[PDB]
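Shown next: query_31.pdb, containing PDB, N, CA and C atoms and all ligand atoms.
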ATOM      1  N   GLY A   1      91.537  96.680 135.291
ATOM      2  CA  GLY A   1      91.153  95.456 134.612
ATOM      3  C   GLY A   1      91.789  95.342 133.240
ATOM      4  N   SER A   2      91.110  95.868 132.234
ATOM      5  CA  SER A   2      91.613  95.828 130.871
ATOM      6  C   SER A   2      91.204  97.085 130.108
ATOM      7  N   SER A   3      92.029  97.477 129.149
ATOM      8  CA  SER A   3      91.775  98.662 128.342
ATOM      9  C   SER A   3      90.830  98.331 127.190
ATOM     10  N   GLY A   4      89.540  98.368 127.478
ATOM     11  CA  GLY A   4      88.550  98.080 126.467
ATOM     12  C   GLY A   4      87.305  98.930 126.623
ATOM     13  N   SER A   5      86.783  99.419 125.510
ATOM     14  CA  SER A   5      85.589 100.245 125.520
ATOM     15  C   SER A   5      84.612  99.758 124.454
ATOM     16  N   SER A   6      83.523  99.141 124.888
ATOM     17  CA  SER A   6      82.518  98.629 123.971
ATOM     18  C   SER A   6      81.426  99.666 123.735
ATOM     19  N   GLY A   7      80.731  99.527 122.619
ATOM     20  CA  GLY A   7      79.657 100.436 122.295
ATOM     21  C   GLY A   7      80.129 101.682 121.578
ATOM     22  N   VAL A   8      80.310 101.579 120.271
ATOM     23  CA  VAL A   8      80.737 102.721 119.480
ATOM     24  C   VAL A   8      79.523 103.507 119.006
ATOM     25  N   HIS A   9      79.759 104.650 118.388
ATOM     26  CA  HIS A   9      78.672 105.489 117.903
ATOM     27  C   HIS A   9      78.393 105.212 116.431
ATOM     28  N   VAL A  10      77.374 105.866 115.873
ATOM     29  CA  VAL A  10      77.012 105.659 114.472
ATOM     30  C   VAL A  10      78.096 106.182 113.533
ATOM     31  N   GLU A  11      78.895 107.116 114.021
ATOM     32  CA  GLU A  11      79.979 107.679 113.232
ATOM     33  C   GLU A  11      81.249 107.713 114.069
ATOM     34  N   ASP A  12      81.989 106.619 114.030
ATOM     35  CA  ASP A  12      83.230 106.485 114.779
ATOM     36  C   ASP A  12      84.429 106.883 113.922
ATOM     37  N   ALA A  13      84.147 107.531 112.804
ATOM     38  CA  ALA A  13      85.181 107.976 111.882
ATOM     39  C   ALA A  13      86.077 109.036 112.520
ATOM     40  N   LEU A  14      85.464 109.974 113.229
ATOM     41  CA  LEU A  14      86.205 111.050 113.876
ATOM     42  C   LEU A  14      87.014 110.536 115.067
ATOM     43  N   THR A  15      86.558 109.437 115.655
ATOM     44  CA  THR A  15      87.221 108.841 116.809
ATOM     45  C   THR A  15      88.650 108.407 116.474
ATOM     46  N   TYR A  16      88.781 107.500 115.511
ATOM     47  CA  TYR A  16      90.086 106.985 115.105
ATOM     48  C   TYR A  16      90.934 108.079 114.459
ATOM     49  N   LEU A  17      90.274 109.013 113.782
ATOM     50  CA  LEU A  17      90.955 110.116 113.102
ATOM     51  C   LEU A  17      91.853 110.895 114.061
ATOM     52  N   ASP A  18      91.283 111.330 115.177
ATOM     53  CA  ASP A  18      92.027 112.103 116.170
ATOM     54  C   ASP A  18      92.977 111.209 116.972
ATOM     55  N   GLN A  19      92.626 109.931 117.088
ATOM     56  CA  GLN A  19      93.437 108.965 117.833
ATOM     57  C   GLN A  19      94.853 108.872 117.277
ATOM     58  N   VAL A  20      94.977 108.929 115.955
ATOM     59  CA  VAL A  20      96.283 108.852 115.307
ATOM     60  C   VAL A  20      97.158 110.034 115.718
ATOM     61  N   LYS A  21      96.525 111.183 115.911
ATOM     62  CA  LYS A  21      97.228 112.396 116.303
ATOM     63  C   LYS A  21      97.725 112.292 117.743
ATOM     64  N   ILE A  22      96.949 111.623 118.580
ATOM     65  CA  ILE A  22      97.308 111.453 119.981
ATOM     66  C   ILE A  22      98.390 110.385 120.136
ATOM     67  N   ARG A  23      98.320 109.355 119.302
ATOM     68  CA  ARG A  23      99.292 108.270 119.337
ATOM     69  C   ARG A  23     100.649 108.731 118.811
ATOM     70  N   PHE A  24     100.633 109.481 117.714
ATOM     71  CA  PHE A  24     101.865 109.968 117.110
ATOM     72  C   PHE A  24     102.038 111.460 117.356
ATOM     73  N   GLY A  25     101.775 111.879 118.589
ATOM     74  CA  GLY A  25     101.907 113.278 118.943
ATOM     75  C   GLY A  25     103.343 113.758 118.866
ATOM     76  N   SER A  26     104.282 112.858 119.128
ATOM     77  CA  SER A  26     105.702 113.196 119.085
ATOM     78  C   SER A  26     106.299 112.907 117.713
ATOM     79  N   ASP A  27     105.511 112.294 116.840
ATOM     80  CA  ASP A  27     105.979 111.956 115.501
ATOM     81  C   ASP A  27     105.078 112.576 114.439
ATOM     82  N   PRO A  28     105.336 113.843 114.076
ATOM     83  CA  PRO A  28     104.535 114.554 113.075
ATOM     84  C   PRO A  28     104.691 113.973 111.671
ATOM     85  N   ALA A  29     105.831 113.343 111.409
ATOM     86  CA  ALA A  29     106.099 112.760 110.099
ATOM     87  C   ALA A  29     105.120 111.637 109.789
ATOM     88  N   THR A  30     104.886 110.778 110.774
ATOM     89  CA  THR A  30     103.972 109.658 110.604
ATOM     90  C   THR A  30     102.538 110.146 110.405
ATOM     91  N   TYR A  31     102.147 111.165 111.162
ATOM     92  CA  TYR A  31     100.801 111.714 111.048
ATOM     93  C   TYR A  31     100.619 112.431 109.714
ATOM     94  N   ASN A  32     101.664 113.123 109.263
ATOM     95  CA  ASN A  32     101.616 113.846 107.994
ATOM     96  C   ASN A  32     101.368 112.884 106.837
ATOM     97  N   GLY A  33     102.059 111.746 106.867
ATOM     98  CA  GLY A  33     101.896 110.747 105.827
ATOM     99  C   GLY A  33     100.495 110.181 105.815
ATOM    100  N   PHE A  34      99.939 110.003 107.010
ATOM    101  CA  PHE A  34      98.585 109.484 107.173
ATOM    102  C   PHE A  34      97.587 110.373 106.431
ATOM    103  N   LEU A  35      97.780 111.683 106.548
ATOM    104  CA  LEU A  35      96.911 112.650 105.893
ATOM    105  C   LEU A  35      97.060 112.576 104.374
ATOM    106  N   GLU A  36      98.289 112.365 103.913
ATOM    107  CA  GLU A  36      98.567 112.274 102.484
ATOM    108  C   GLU A  36      97.816 111.104 101.863
ATOM    109  N   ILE A  37      97.839 109.965 102.540
ATOM    110  CA  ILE A  37      97.151 108.782 102.053
ATOM    111  C   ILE A  37      95.643 109.029 102.000
ATOM    112  N   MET A  38      95.139 109.791 102.970
ATOM    113  CA  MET A  38      93.721 110.124 103.031
ATOM    114  C   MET A  38      93.324 110.959 101.821
ATOM    115  N   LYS A  39      94.222 111.839 101.402
ATOM    116  CA  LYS A  39      93.970 112.708 100.258
ATOM    117  C   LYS A  39      93.775 111.893  98.979
ATOM    118  N   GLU A  40      94.535 110.813  98.837
ATOM    119  CA  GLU A  40      94.423 109.954  97.662
ATOM    120  C   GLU A  40      93.038 109.323  97.605
ATOM    121  N   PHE A  41      92.504 108.986  98.771
ATOM    122  CA  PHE A  41      91.181 108.392  98.853
ATOM    123  C   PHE A  41      90.121 109.456  98.580
ATOM    124  N   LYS A  42      90.387 110.680  99.035
ATOM    125  CA  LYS A  42      89.474 111.799  98.818
ATOM    126  C   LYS A  42      89.404 112.151  97.333
ATOM    127  N   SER A  43      90.451 111.797  96.605
ATOM    128  CA  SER A  43      90.513 112.053  95.173
ATOM    129  C   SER A  43      90.028 110.829  94.399
ATOM    130  N   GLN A  44      89.597 109.808  95.143
ATOM    131  CA  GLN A  44      89.098 108.559  94.570
ATOM    132  C   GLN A  44      90.139 107.912  93.656
ATOM    133  N   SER A  45      91.412 108.112  93.985
ATOM    134  CA  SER A  45      92.499 107.536  93.210
ATOM    135  C   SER A  45      92.726 106.092  93.633
ATOM    136  N   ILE A  46      92.286 105.782  94.840
ATOM    137  CA  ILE A  46      92.414 104.447  95.390
ATOM    138  C   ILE A  46      91.086 103.999  95.980
ATOM    139  N   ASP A  47      90.914 102.694  96.112
ATOM    140  CA  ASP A  47      89.694 102.144  96.681
ATOM    141  C   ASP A  47      89.994 101.549  98.050
ATOM    142  N   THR A  48      89.094 100.708  98.532
ATOM    143  CA  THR A  48      89.251 100.064  99.821
ATOM    144  C   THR A  48      90.569  99.276  99.892
ATOM    145  N   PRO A  49      90.786  98.266  99.014
ATOM    146  CA  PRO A  49      92.032  97.480  99.023
ATOM    147  C   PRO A  49      93.270  98.337  98.746
ATOM    148  N   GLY A  50      93.051  99.488  98.116
ATOM    149  CA  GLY A  50      94.140 100.385  97.790
ATOM    150  C   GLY A  50      94.676 101.117  99.005
ATOM    151  N   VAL A  51      93.786 101.726  99.781
ATOM    152  CA  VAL A  51      94.205 102.464 100.972
ATOM    153  C   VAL A  51      94.816 101.523 102.011
ATOM    154  N   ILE A  52      94.258 100.320 102.117
ATOM    155  CA  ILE A  52      94.740  99.325 103.070
ATOM    156  C   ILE A  52      96.211  98.994 102.822
ATOM    157  N   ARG A  53      96.584  98.920 101.550
ATOM    158  CA  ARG A  53      97.957  98.610 101.161
ATOM    159  C   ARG A  53      98.928  99.662 101.697
ATOM    160  N   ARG A  54      98.506 100.917 101.655
ATOM    161  CA  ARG A  54      99.332 102.022 102.133
ATOM    162  C   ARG A  54      99.473 101.975 103.648
ATOM    163  N   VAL A  55      98.353 101.757 104.330
ATOM    164  CA  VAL A  55      98.335 101.686 105.791
ATOM    165  C   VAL A  55      99.216 100.544 106.294
ATOM    166  N   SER A  56      99.195  99.428 105.575
ATOM    167  CA  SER A  56      99.983  98.259 105.941
ATOM    168  C   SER A  56     101.484  98.529 105.829
ATOM    169  N   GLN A  57     101.853  99.583 105.109
ATOM    170  CA  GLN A  57     103.254  99.921 104.944
ATOM    171  C   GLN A  57     103.663 101.087 105.836
ATOM    172  N   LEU A  58     102.702 101.914 106.227
ATOM    173  CA  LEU A  58     102.997 103.046 107.096
ATOM    174  C   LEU A  58     102.981 102.611 108.556
ATOM    175  N   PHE A  59     101.893 101.980 108.968
ATOM    176  CA  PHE A  59     101.756 101.517 110.337
ATOM    177  C   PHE A  59     102.181 100.058 110.442
ATOM    178  N   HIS A  60     103.335  99.744 109.862
ATOM    179  CA  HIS A  60     103.865  98.381 109.883
ATOM    180  C   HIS A  60     104.231  97.965 111.308
ATOM    181  N   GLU A  61     104.525  98.950 112.147
ATOM    182  CA  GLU A  61     104.886  98.690 113.531
ATOM    183  C   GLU A  61     103.648  98.710 114.420
ATOM    184  N   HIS A  62     102.524  99.140 113.856
ATOM    185  CA  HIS A  62     101.272  99.232 114.604
ATOM    186  C   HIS A  62     100.132  98.535 113.862
ATOM    187  N   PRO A  63     100.145  97.194 113.820
ATOM    188  CA  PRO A  63      99.109  96.413 113.128
ATOM    189  C   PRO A  63      97.720  96.627 113.721
ATOM    190  N   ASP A  64      97.684  96.972 115.006
ATOM    191  CA  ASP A  64      96.432  97.207 115.727
ATOM    192  C   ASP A  64      95.578  98.270 115.053
ATOM    193  N   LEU A  65      96.226  99.310 114.541
ATOM    194  CA  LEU A  65      95.515 100.403 113.893
ATOM    195  C   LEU A  65      94.801  99.927 112.634
ATOM    196  N   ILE A  66      95.485  99.105 111.852
ATOM    197  CA  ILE A  66      94.929  98.590 110.607
ATOM    198  C   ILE A  66      93.854  97.541 110.880
ATOM    199  N   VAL A  67      94.114  96.682 111.860
ATOM    200  CA  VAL A  67      93.175  95.627 112.236
ATOM    201  C   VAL A  67      91.915  96.226 112.849
ATOM    202  N   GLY A  68      92.101  97.138 113.794
ATOM    203  CA  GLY A  68      90.975  97.772 114.454
ATOM    204  C   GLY A  68      90.105  98.552 113.491
ATOM    205  N   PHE A  69      90.719  99.097 112.445
ATOM    206  CA  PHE A  69      89.994  99.869 111.442
ATOM    207  C   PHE A  69      88.982  98.996 110.698
ATOM    208  N   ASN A  70      89.236  97.690 110.661
ATOM    209  CA  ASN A  70      88.337  96.753 109.985
ATOM    210  C   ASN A  70      86.977  96.734 110.668
ATOM    211  N   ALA A  71      86.982  96.913 111.982
ATOM    212  CA  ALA A  71      85.748  96.929 112.748
ATOM    213  C   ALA A  71      85.270  98.360 112.951
ATOM    214  N   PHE A  72      86.174  99.308 112.732
ATOM    215  CA  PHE A  72      85.859 100.723 112.884
ATOM    216  C   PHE A  72      85.335 101.295 111.572
ATOM    217  N   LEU A  73      84.660 100.447 110.812
ATOM    218  CA  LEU A  73      84.080 100.842 109.542
ATOM    219  C   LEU A  73      82.578 100.600 109.581
ATOM    220  N   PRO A  74      81.770 101.674 109.641
ATOM    221  CA  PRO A  74      80.312 101.557 109.682
ATOM    222  C   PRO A  74      79.766 100.841 108.452
ATOM    223  N   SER A  75      80.202 101.273 107.281
ATOM    224  CA  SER A  75      79.769 100.672 106.030
ATOM    225  C   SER A  75      80.306  99.244 105.912
ATOM    226  N   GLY A  76      79.403  98.277 105.838
ATOM    227  CA  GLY A  76      79.813  96.894 105.725
ATOM    228  C   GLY A  76      78.664  95.975 105.369
ATOM    229  N   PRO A  77      78.549  94.824 106.050
ATOM    230  CA  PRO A  77      77.488  93.849 105.789
ATOM    231  C   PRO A  77      76.173  94.185 106.492
ATOM    232  N   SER A  78      76.061  95.404 106.998
ATOM    233  CA  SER A  78      74.851  95.837 107.676
ATOM    234  C   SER A  78      73.734  96.083 106.660
ATOM    235  N   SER A  79      72.500  96.131 107.142
ATOM    236  CA  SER A  79      71.347  96.361 106.280
ATOM    237  C   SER A  79      71.308  97.812 105.816
ATOM    238  N   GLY A  80      71.676  98.033 104.562
ATOM    239  CA  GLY A  80      71.672  99.373 104.010
ATOM    240  C   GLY A  80      72.536  99.489 102.773
TER     241      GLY A  80
HETATM  242  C1  LIG A 101      87.795 105.295 111.062
HETATM  243  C2  LIG A 101      88.521 106.637 111.194
HETATM  244  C3  LIG A 101      89.170 107.039 109.868
HETATM  245  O1  LIG A 101      90.125 106.048 109.481
HETATM  246  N1  LIG A 101      90.494 106.077 108.152
HETATM  247  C4  LIG A 101      91.425 105.211 107.761
HETATM  248  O2  LIG A 101      91.841 105.220 106.602
HETATM  249  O3  LIG A 101      91.923 104.315 108.652
HETATM  250  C5  LIG A 101      92.931 103.507 108.023
HETATM  251  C6  LIG A 101      94.125 104.397 107.666
HETATM  252  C7  LIG A 101      93.396 102.419 108.993
HETATM  253  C8  LIG A 101      89.946 107.047 107.187
HETATM  254  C9  LIG A 101      90.120 106.524 105.757
HETATM  255  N2  LIG A 101      89.010 105.655 105.305
HETATM  256  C10 LIG A 101      89.281 104.398 104.575
HETATM  257  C11 LIG A 101      88.133 104.109 103.604
HETATM  258  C12 LIG A 101      88.344 102.777 102.879
HETATM  259  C13 LIG A 101      87.212 102.524 101.881
HETATM  260  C14 LIG A 101      88.430 101.631 103.888
HETATM  261  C15 LIG A 101      87.703 106.055 105.590
HETATM  262  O4  LIG A 101      86.728 105.404 105.214
HETATM  263  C16 LIG A 101      87.540 107.353 106.378
HETATM  264  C17 LIG A 101      87.908 108.532 105.479
HETATM  265  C18 LIG A 101      86.906 108.682 104.331
HETATM  266  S1  LIG A 101      85.186 108.896 104.916
HETATM  267  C19 LIG A 101      85.390 110.315 105.968
HETATM  268  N3  LIG A 101      88.516 107.239 107.469
HETATM  269  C20 LIG A 101      88.092 107.164 108.795
HETATM  270  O5  LIG A 101      86.900 107.198 109.089
END
Please go through the file and, once you have read it, give me the structure as structure tokens.
Ligand SMILES: CC[C@H]1ON(C(=O)OC(C)C)[C@H]2CN(CCC(C)C)C(=O)[C@H](CCSC)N2C1=O
Amino acid sequence: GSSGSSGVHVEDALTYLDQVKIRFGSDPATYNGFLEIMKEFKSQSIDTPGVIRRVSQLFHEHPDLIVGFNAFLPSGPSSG
């Protein structure tokens, strides 16, 4: 039919995390850069709009990853 899976978990952070490794299994350079950008966020050097800017330049050939991440974010307009 179609490649779709509805119903995510409370913490889908680990899901997309490993997905990048499976997608770019033959391209370690792309995955390495992904980790570097994550480090900047871990150091609080960049914010939400900041990390997005980097992703938009790294995964320029894969907009799906950046777009899907918008919904793959637990923290949002939810009650909390
Ligand atoms: C969802 C899996 C995975 O995807 N992440 C990610 O950056 O995807 C983009 C590169 C497309 C990383 C980076 N961010 C960004 C935060 C910003 C405030 C939007 C995340 O929130 C946490 C990492 C920090 S919390 C552990 N994270 C994930 O959970």
Name the residues, by chain letter and number, that sit within 5 Å of ligand LIG 101 (chain A) using only N, CA and C atoms and all ligand atoms, and give them as a PDB file with N, CA and C atoms, in the coordinates of the input.
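In the end it all went to part.pdb:
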ATOM      1  N   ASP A  12      81.989 106.619 114.030  1.00  0.00           N
ATOM      2  CA  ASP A  12      83.230 106.485 114.779  1.00  0.00           C
ATOM      3  C   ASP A  12      84.429 106.883 113.922  1.00  0.00           C
ATOM      4  N   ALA A  13      84.147 107.531 112.804  1.00  0.00           N
ATOM      5  CA  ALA A  13      85.181 107.976 111.882  1.00  0.00           C
ATOM      6  C   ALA A  13      86.077 109.036 112.520  1.00  0.00           C
ATOM      7  N   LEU A  14      85.464 109.974 113.229  1.00  0.00           N
ATOM      8  CA  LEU A  14      86.205 111.050 113.876  1.00  0.00           C
ATOM      9  C   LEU A  14      87.014 110.536 115.067  1.00  0.00           C
ATOM     10  N   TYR A  16      88.781 107.500 115.511  1.00  0.00           N
ATOM     11  CA  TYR A  16      90.086 106.985 115.105  1.00  0.00           C
ATOM     12  C   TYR A  16      90.934 108.079 114.459  1.00  0.00           C
ATOM     13  N   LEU A  17      90.274 109.013 113.782  1.00  0.00           N
ATOM     14  CA  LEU A  17      90.955 110.116 113.102  1.00  0.00           C
ATOM     15  C   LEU A  17      91.853 110.895 114.061  1.00  0.00           C
ATOM     16  N   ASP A  47      90.914 102.694  96.112  1.00  0.00           N
ATOM     17  CA  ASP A  47      89.694 102.144  96.681  1.00  0.00           C
ATOM     18  C   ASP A  47      89.994 101.549  98.050  1.00  0.00           C
ATOM     19  N   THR A  48      89.094 100.708  98.532  1.00  0.00           N
ATOM     20  CA  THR A  48      89.251 100.064  99.821  1.00  0.00           C
ATOM     21  C   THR A  48      90.569  99.276  99.892  1.00  0.00           C
ATOM     22  N   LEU A  65      96.226  99.310 114.541  1.00  0.00           N
ATOM     23  CA  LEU A  65      95.515 100.403 113.893  1.00  0.00           C
ATOM     24  C   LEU A  65      94.801  99.927 112.634  1.00  0.00           C
ATOM     25  N   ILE A  66      95.485  99.105 111.852  1.00  0.00           N
ATOM     26  CA  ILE A  66      94.929  98.590 110.607  1.00  0.00           C
ATOM     27  C   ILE A  66      93.854  97.541 110.880  1.00  0.00           C
ATOM     28  N   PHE A  69      90.719  99.097 112.445  1.00  0.00           N
ATOM     29  CA  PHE A  69      89.994  99.869 111.442  1.00  0.00           C
ATOM     30  C   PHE A  69      88.982  98.996 110.698  1.00  0.00           C
ATOM     31  N   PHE A  72      86.174  99.308 112.732  1.00  0.00           N
ATOM     32  CA  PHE A  72      85.859 100.723 112.884  1.00  0.00           C
ATOM     33  C   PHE A  72      85.335 101.295 111.572  1.00  0.00           C
TER      34      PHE A  72
END
One number please: CA of residue 79 in chain A to CA of residue 56 in chain A, in Å, one decimal. 28.7 Å
Please identify the helix (DSSP H, G or I) residues within chain A (assignment by DSSP from backbone atoms) and present them as a PyMOL selection string. chain A and resi 13-23+28-42+48-58+63-71
Just give me the gap between CA of residue 1 in chain A and atom N of residue 64 in chain A in Å, one decimal is fine. 20.7 Å
One number please: CA of residue 55 in chain A to atom C of residue 75 in chain A, in Å, one decimal.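 Pair CA of residue 55 in chain A / atom C of residue 75 in chain A returns 18.2 Å.
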